[PDB]
Each structure stands twice: as C-alpha cells, then as structure tokens.
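Novice: Here is my input; please provide its structure:
(chains A, B, C, D, E, F and G, ligands or ions: 3)
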Amino acid sequence: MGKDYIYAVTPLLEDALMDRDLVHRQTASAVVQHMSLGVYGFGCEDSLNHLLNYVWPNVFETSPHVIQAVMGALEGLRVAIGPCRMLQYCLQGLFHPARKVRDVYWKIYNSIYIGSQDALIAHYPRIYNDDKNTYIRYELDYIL
Amino acid sequence: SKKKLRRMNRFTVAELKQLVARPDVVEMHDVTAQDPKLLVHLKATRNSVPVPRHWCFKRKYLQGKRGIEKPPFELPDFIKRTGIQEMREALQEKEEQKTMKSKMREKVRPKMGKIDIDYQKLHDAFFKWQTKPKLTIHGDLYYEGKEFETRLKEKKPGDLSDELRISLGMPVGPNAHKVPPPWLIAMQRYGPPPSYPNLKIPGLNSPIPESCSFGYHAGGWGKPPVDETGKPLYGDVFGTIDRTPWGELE
Amino acid sequence: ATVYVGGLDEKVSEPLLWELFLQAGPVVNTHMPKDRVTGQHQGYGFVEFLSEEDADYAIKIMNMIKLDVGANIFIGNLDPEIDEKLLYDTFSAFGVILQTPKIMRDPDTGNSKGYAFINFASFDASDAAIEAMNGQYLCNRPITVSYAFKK
Amino acid sequence: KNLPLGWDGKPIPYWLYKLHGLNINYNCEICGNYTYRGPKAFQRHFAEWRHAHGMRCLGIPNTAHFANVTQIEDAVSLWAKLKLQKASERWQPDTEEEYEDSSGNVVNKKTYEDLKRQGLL
Amino acid sequence: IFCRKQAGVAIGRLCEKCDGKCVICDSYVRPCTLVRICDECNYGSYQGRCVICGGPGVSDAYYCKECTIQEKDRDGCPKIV
Amino acid sequence: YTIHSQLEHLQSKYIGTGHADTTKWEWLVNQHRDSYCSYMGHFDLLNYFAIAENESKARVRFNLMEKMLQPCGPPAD
RNA sequence: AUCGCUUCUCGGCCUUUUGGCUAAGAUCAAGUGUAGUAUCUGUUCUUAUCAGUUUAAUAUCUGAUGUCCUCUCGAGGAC
Ligand SMILES: [Zn+2]
Ligand SMILES: [Zn+2]
Ligand SMILES: [Zn+2]
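Specialist: Residues are numbered from 1 along each chain as shown, chains lettered A, B, ... in the order given. Ligands and ions are numbered 1, 2, ... in the order given. Pasting the structure now:
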C-alpha cells in the first residue's frame, strides 16, 4: 500500500538526494530501497526512474554506510524497475579508462548479474564482430 | 617499459575521432582506456546513461553545495489544502513560549485533545486529490547545481508568459494572441534572425491572430512587413483519424 | 552577437529574457553579470544571439519593449499610448530617471495632449537622449525632446 | 614566479598549484596556436569564442563532433566523412524520387521535369 | 562471514534474544518461508542453535518477504561461524 | 579482503561475472554462452529457429551445443 | 570688546537609585561498549631536467645534477 504515497514522497527524497549531508543521502537511499520493494509490480516505475537519476551519482562514494545503502537501493530498484534499465545505467563504465570507476561498475554489474542473469539475455547490446572473432548473434535475428 | 609501449598504442584523439562511426562521444581520457573501440561503441549505443560528472573532481559529491543558504522543503498542494501546516505552526509557537515549569505541569496534567482535524479531509487528499508530480524520464542524472536553471530548450517564439506580458508591456490571457509583443514591432521594422529565422512572428511575419486589428495606434497590427512589390517580409504577415484509446477505464 | 541590454530591468528575469531571445532568434546567451554584492540587474547586460543579423533585428525589435540643478528634459509631440515603466526604461537608456516622465495631460478626461517632462540623471544625459530622439521615431507622434523649462 | 591569480589577485600556494596542474599546456591549433594551462579550462575553450572563431574561419561549424580535435587537417577529414554521411542520410528527391515517362522507361524526378518542360513530357 | 555451503532440509532455529528478526535483512515482519541449513553447520553441538546468537534453538528462523521476493533465500546455510 | 576471498569465490561461484579488468572477449563470450543455454531451455525459441531454418529440434539443439564451445571467435591475444 | 548661532571640551546637580526583619532565615549539589564517518582544529610543501614506478590524467615514489684553465656555488673565455 505504498502505491498511494509514492507520489507524495518523491519530491522530498529528491530534495534530500540533492546534497544535504552524507547521512542525508544514506537515509534517502534506504527509503528508495524499501519503496521499490513495496511497489514491485504496481506500475509506479516512472517515479523510481526519476529517483534513479538522483541516486546513481552517489555511486562513486567511499564511506562504508553511504555506499552500502546506495548498493541496497540499487538491488531493490533492480527488481522494481527491471534489469534493462539498470544494465543501461551500467553499460558505459564497464570499460572505462580509470580503475575506480571500472571497479564500481563491475561490482554493480556483478550483483545485477547474479540475480536475474537470465533476463539479460534479451538486454545485451549489439557488439560488432571484427576480423578473427564472431560476436554478433545471428540466432536472434533469424526472421520468421 | 611495457605499459609505455601500450602507451605508444595509446592513439590520438584524432585517431579515434576519425576511426569511429559516431564521433560525438569521443572525450579526453577515452584514450587511456584499455579498449577504446569498445568504450566508444558502448558510449554510442542507444539509451545508455553516461558516468556522472564528478569522478575526476577532487571535491567530493556535494561539498560544492556547501556554500549557499537553502529554503525549507515545500509541501505538496493536496497536503497544504488539508490545512495541517497551520495546526503545526500554532502548536509550535505555543510550546516555544511555554516555560519549563509549565512544560512539566502539562506533562503531569495533559491538555488532552487540544486540537482536531477530521478524517475524510485527509483520506480525500490522499485518495481523491493525489496527483502525479513532475518526473524526469530515463537518463537525466542529477548533478550539482542542475536545479540552478529552472527549465529551457523552448526555442519557440510564441512562448509567452503573463508576467512576461505585464512586465514587458503586452497583454495577458485571450489577448496573448491578438497582442503582438514589443519585439514583433522591430521584427516588422528590421526583421526576425539572420541565420536562425525559422521563427515567424504573429502579426509581423504570421497572419492576424484570431480577430487581430490593423492600425498604427497602441493595440493593433500595423503594417505587415512587405516588400515594395507587395510580397511580405516572409511567410504571410497578412494571411492569404479517431484518436480513441482501445483499452480505457470508465 | 553581443548586445547591450540597457535600461536592464531589475526584476525582469534572465529566464524570460532568454525566452524572448529565443522568440526572436538564436537564444545562445542571456547574461546580466551583476554586482558582486546586489544580485539584482546591473543596468547593462550581454545578450548573445549567435547570428549577427539575428541579434541586429532582435535588437531593433526589443528596443522600446517595456521592460536638482535642472536635470529635467521636456519631451513633447508625446505618444499618449505609453505606460509608466516602459517610458521610464526608454528614457533611462542614457541615464537614471530621478523622476518618471510626468505627462502633462489634461485633467478633464485623463487623455493627454502630447507633452511631458522627465528628470533624468545628467544634463548631458538629457542632451544625448533628446538628441537621439530629436524628431525621431516615437510611438505614434514622433518625439521632440530637449532641456526642460521651469515651472 | 608565474603564480596564477586568485580572486584576491595573489600567488596560489604550491600544493594547490600542483593540484590544479597548471604546468600542463595544451596546443590548440584551431585557436591561432593558442596554448592553454588548466585542463578543464582547455576543455571549455572548445566552446569559448577563440575556438568558435577558429571554426567559422576553418569553414566548419562549431558543432560538438570535432571538439577535442585540435589539428586542422584532422578536422577537415573528419568533417569530410561527416559531410559524406549527412549527404548520404539526407533523402534527396532529385536522385531518389524517380519517374517513368509514358514510354515504359524510367528516369528521375529531375530529368523527368527537365525533358517535360523543355517540350516533350 | 558466511557458511554458504549449500542448502538442505534441516530447519534453523533462534535463541530468544535473537527471536524475531530475519537472518540477513534484519527485519521484524511478514516472514514467509522457513530457513534451512547445511549438514556441516547442522551436526553435533551445533544442532538446534541460534544462527545469530549461537544461543539455544527455540524459535524458528524465518525469511522476510523481501528476502523471498529477491530470492536471497536460495543460497543455503548462512551461518556466521 | 576476506570479503574478497568470498568474492573471487563468487567469481568462482557464478560463471559470467566480471571485475574491473575484464576483457571484451570474456564479457561477450559469456553472454553468448548464456544466450545458448536459454535458447535451449525455453521450449519456444527452439520452435522459432527450428522453423526459421528448416531443421528439426534434434538438429537444432545439436548445433547449439556444438557452437557452445567456441561461439565468438578464437581467444584474445 | 559686545550680541547671537553653531562645533568641541570641562565643572556642578546627578538622593532621580540598592523593599524591612531572624537562627549570614535554613540547607546543598554523583553514569556506557564497539568501531567508524564527518566537522572543526593544529601542520606541511618553487628545484634545474630526464629515467622509471605509478596514475583516467596529474601527482607520488625512486634515483645525478659538458669539459679545461683561472679568479674570487659563483666569473671571462679556447671550445
Ligand atoms: Zn535476511
Ligand atoms: Zn556449513
Ligand atoms: Zn539468538
């Protein structure tokens, strides 16, 4: 029965995810986690998308509690919003120059993969084939 | 040094920009990445969402928000309407005036049920006037200072406001059509945009808005800008199915 | 490209400023980088329309848009169809207005016969403004301005 | 000491100068061989004026696609293939939109109207 | 620290201090499914103990309905040994 | 870092995960194998392919499980 | 010198200002475990390349800082 007050509460969480403090963003993230697990399956996915926009920047963080509540928010948000949306958030930073960003994105993508590794089969991008390998999946584009 | 030979593999940003099929993406540090052809194909895929700004920065996430002063959170309308805020303001002022001794006296002899606010006011706010806030669709991460600009990308000319009309000298309301703004005056006088122009001004390069008036006093359309041979400044300054949804609730 | 927003109105917000920039043409920059103390508008701003002729005609258009040692100037053949704030902004392009334009209108009706007087900042300000608008294009009855008489 | 300015116009202290890394200079050929200290400074310059001018006079608009391409031969070959692609994905009715004459054989829009209004079709 | 050596058919139990919370989610509500542990963390002096306190097995460790919605309950004996 | 003992135990636990250095080859080959295991599991994409080519379900799954061995070219170096 | 106005300075009032009494009326005043985050506070950094380590890039780290005469690290020169 959060499908009712999700709208009332969003502009307060976006308010507190635009900084106020570490603990401010740690706590707004916990709230996002539990909203997502409650509203699983009732269509209030536009609101959780909106709040993804604000939670995902905290991904580069260091404090244990803060980054941990962030990761929790992203597992909740993974079941509630689906694994396409989150694989798309996780696409570009898998192969980044840096190593702090490579490592956080591979941490996330690992947890997105463990749970729901089987949806992703229809969510992976199209990755062209160079000379001595084959990389396209022709299985999937047989016409019929 | 082996990292240094791969560093000689560390191609030019022009190397990249010319190789790649979609050159918008290519950025600064892209090249020190172990697999830039991938990285760039990824960053040029559809619908994907780029890394935040602030991994480079030395300042942490919103320590840059540190400086300013900020105004308290603003409730939803349908919750103000039910008039909670005034109850709470009143109780606040009461208990800030009252003194310690009286505080404990009220602890031991409570003012039971000082106030009331009935239900169906609440239950109708939350179940009858609750409404969709403004949400942002997939991708638009919030970064520092983003709210610093309220809204944009209405390059359209017809976009006018009522306070805009008032504090510019033009009319608000049903007369926002029949009111050519003070900028359409010099639109008619010396023109629109030299290399932009894809905007037509109403009453100056467009026809009369509904029931407009030709004349040279305050409140009209004046001379629709035309050549000496009769062709207007541009355009025409004078002027010469079943969309029902299938599954929808009663 | 770069245009001087003169008589830059205080509360006339840079947001609607840029919306008018777009409603005229290439809204690329609307900026009035103000006093480091005040925050309000600083009387002259930079409006960049990334096309030169765009900014030129946008300027010709958004001019006249309605955004004591004798520094008072008499201004006649007066346009009766103006408002207070718009007239003050137009007069103030060459200086401050220490008295908004007092229009010598008849009292029987409330409609003017075509004269006024305006306290500007400087006598050279009244000079320059009355010069650029000597006989020049007023709203309906062309302007005629100079140093004002004393009553 | 070449110490960069602060708001209050003094030297910037040394650990701070090292942080900001002013030592590193970027040869922007588009900007009259202008050369920049400060990396984000360099980057914003790509939309700053001097780069804008550079572009205009190069004969190529200041669209993002070339930002961070600073050498002019690279720029022109880049914008060359870009031009080719824009002309490709344009639908041009002249060469695409095609017309049969009455005689059971086909031409394009252009040639159809050409021989049409020069007195046969 | 986790046992995680894979699951079985032996129920787990709770001391009375630990009475009521889920094993990981640390909830207090709406428990849906029973907990199972491994033989190795099942045997001997570890028969009927508190997966958390180590106290005596009296009440039944359960699984918060969130943990079952996300199937974090399909990994096996989560005993902090 | 005992977390890491457990975490490269997790890498040892779930074939297809990653770490910050993972190569385009391991990534795309793992996704390719998973694609095959699911074309086999789901009883209906099998009909889709069986019918798309003119093969028969034994033929289909035999191809698939042969391909499962080097699906995306030969290895990286 | 006198009159008036203004400016500053100084003196004088400044009781116009310490509710009465007793046994000074009497008496007296007692808390965490763990870590860790953040914030203050205190402090510390021009030196000249180059090689490497390193890093998204910096940085860090490591390592030395043209010969000959000669006069006082410094100087004029054959070079
Ligand atoms: Zn649990
Ligand atoms: Zn065990
Ligand atoms: Zn217990």
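
Novice: Which single residue in chain A comes nearest to ligand 1?
Specialist: When distances are taken as Cβ to the ion, chain A approaches ligand 1 most closely through residue A:72, which lies 11.9 Å from it. No exception for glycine: its C-beta is placed from N, CA and C like everyone else's.

Novice: what number of residues lie near that residue?
Specialist: By the measure other Cβ atoms under 10 Å in any protein chain shown, the count of residues near residue A:72 is 17.

Novice: What strand or helix carries it?
Specialist: When secondary structure is defined using DSSP states H and E, the element that contains residue A:72 is helix A:64-81.

Novice: Spit out the contact partners of residue C:125.
Specialist: For residue C:125, the contacting residues are C:71, C:94-96, taking Cβ atoms under 8 Å, 6 or more residues apart in numbering or on different chains as the criterion.

Novice: Could you do residue A:63 as well?
Specialist: The contact partners of residue A:63, taken as Cβ under 8 Å, 6+ apart, are A:22, A:26.

Novice: go again using 6 Å as the cut-off
Specialist: Residue A:63 makes contacts with residue A:22, as judged by Cβ atoms under 6 Å, 6 or more residues apart in numbering or on different chains.

Novice: roughly how far apart are it and residue A:69?
Specialist: Here the criterion is Cβ to Cβ, to the nearest Å. By it, residue A:63 lies 10 Å from residue A:69.

Novice: does residue A:106 belong to a helix or a strand, and which?
Specialist: Taking DSSP H and E as the definition, residue A:106 sits inside helix A:100-114.

Novice: okay but the residue of chain A closest to ligand 1 is in contact with residue A:34, surely?
Specialist: No. Between residue A:72 and residue A:34 there is no contact under Cβ atoms under 6 Å: 9.3 Å.

Novice: picking up where we left off before, which outside residues touch the helix holding residue A:106?
Specialist: Everything outside helix A:100-114 that qualifies as a contact, by Cβ under 6 Å, 6+ apart, is A:59, A:78, A:83, A:86, A:90, A:93-94, A:96, B:55, F:14, F:17-20.

Novice: residue in chain D nearest to chain C?
Specialist: Chain D approaches chain C most closely through residue D:52 (8.5 Å), counting by Cβ to the nearest Cβ.

Novice: So what's the residue count around residue B:63?
Specialist: Around residue B:63 there are 12 other residues, counting by other Cβ under 10 Å.

Novice: Name the nearest residue to it, sequence neighbours excluded.
Specialist: The shortest distance from residue B:63 to any non-neighbouring residue, by Cβ to Cβ, 6 or more residues apart in numbering or on different chains, is to residue A:19 (7.9 Å).

Novice: thinking that neighbour is in contact with residue B:60, fair?
Specialist: No. Because the distance of 9.5 Å does not satisfy Cβ under 6 Å, residue A:19 is recorded as not touching residue B:60.

Novice: Can you pick out the residue with more neighbours from these two?
Specialist: Here residue A:19 and residue B:60 are compared on neighbour count by other Cβ under 10 Å; more neighbours surround residue A:19, at 18 against 15.

Novice: Distance check, the residue of chain F found nearest chain B against residue A:90.
Specialist: Checking chain F residue by residue against chain B with Cβ to the nearest Cβ singles out residue F:24 as nearest, at 4.9 Å. Distance check for residue F:24 against residue A:90: by Cβ to Cβ, it reads 15 Å.

Novice: Check chain C for the residue nearest RNA strand G and tell me.
Specialist: Closest approach of chain C to RNA strand G (Cβ to the nearest atom of the strand) occurs at residue C:36, with a separation of 23.1 Å.

Novice: what separates whatever helix or strand residue D:83 lives in from the chain centre, distance-wise?
Specialist: Assignment of secondary structure by DSSP H and E places residue D:83 within helix D:72-89. Between the mean C-alpha location of helix D:72-89 and the chain-wide mean there is a distance of 9 Å, by Cα atoms, centre = their mean, to the nearest Å.

Novice: What residues of it count as buried?
Specialist: Judged by neighbour count (16 or more other Cβ atoms under 10 Å in any protein chain shown), helix D:72-89 contains these buried residues: D:74-75, D:78-79.

Novice: And for stretch B:115-132?
Specialist: Using 16+ other Cβ under 10 Å as the burial criterion, the residues of stretch B:115-132 that qualify are B:125-126, B:130.

Novice: As a markdown table, these with secondary structure would be great.
Specialist: Shown next, in a markdown table, are these (DSSP: H, G, I helix; E, B strand; the rest coil):
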| residue | secondary structure |
| --- | --- |
| B:125 | helix |
| B:126 | helix |
| B:130 | coil |
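
Novice: Let me see the ranges of the strands in chain C.
Specialist: For chain C, the strands defined by DSSP state E cover C:2-8, C:27-31, C:43-49, C:72-76, C:97-105, C:112-120, C:144-147.

Novice: how about the strands in chain D?
Specialist: Across chain D, reading from the start of the chain, the strands by DSSP E fall at D:25-28, D:34-37, D:98-100, D:106-108.

Novice: Just list what the third one packs against, helices and strands only.
Specialist: Under the contact definition 3 or more Cβ pairs under 6 Å, 6 or more residues apart in numbering or on different chains; DSSP states H and E, strand D:98-100 sits against strand D:106-108.

Novice: Let me know how buried the closest residue to chain A within chain F is, in neighbour terms.
Specialist: Proximity of chain F to chain A (Cβ to the nearest Cβ) peaks at residue F:73, 2.3 Å away. Neighbouring residues of residue F:73 were enumerated by other Cβ under 10 Å; the total is 16.

Novice: which among the buried residues of stretch B:115-132 gets closest to ligand 3?
Specialist: Lowest distance from ligand 3 to the buried residues of stretch B:115-132 (Cβ to the ion) belongs to residue B:126, with 39.8 Å.

Novice: Grab the nearest non-local neighbour of the closest one.
Specialist: Computed as Cβ to Cβ, 6+ apart, the closest residue to residue B:126 that is not its neighbour in sequence is residue A:4, at 6.2 Å.

Novice: Kindly report the same for residue A:65.
Specialist: Leaving aside its chain neighbours, residue A:65 sits nearest to residue A:26 (5.6 Å; criterion: Cβ to Cβ, 6+ apart).

Novice: now swap in residue C:80 and tell me
Specialist: On the basis of Cβ to Cβ, 6+ apart, the spatially nearest residue to residue C:80 that is not a chain neighbour turns out to be residue C:112, at 4.4 Å.

Novice: wait, doesn't that neighbour sit right on residue C:81?
Specialist: No. At 9.5 Å, residue C:112 does not count as touching residue C:81 under the criterion of Cβ under 6 Å.

Novice: Just after the helix or strand where residue A:16 lies, pick out the following helix or strand.
Specialist: With elements delineated by DSSP H and E, residue A:16 resides in helix A:6-17, which encompasses its position. Next in sequence after helix A:6-17, counting helices and strands by DSSP H and E, comes helix A:22-38.
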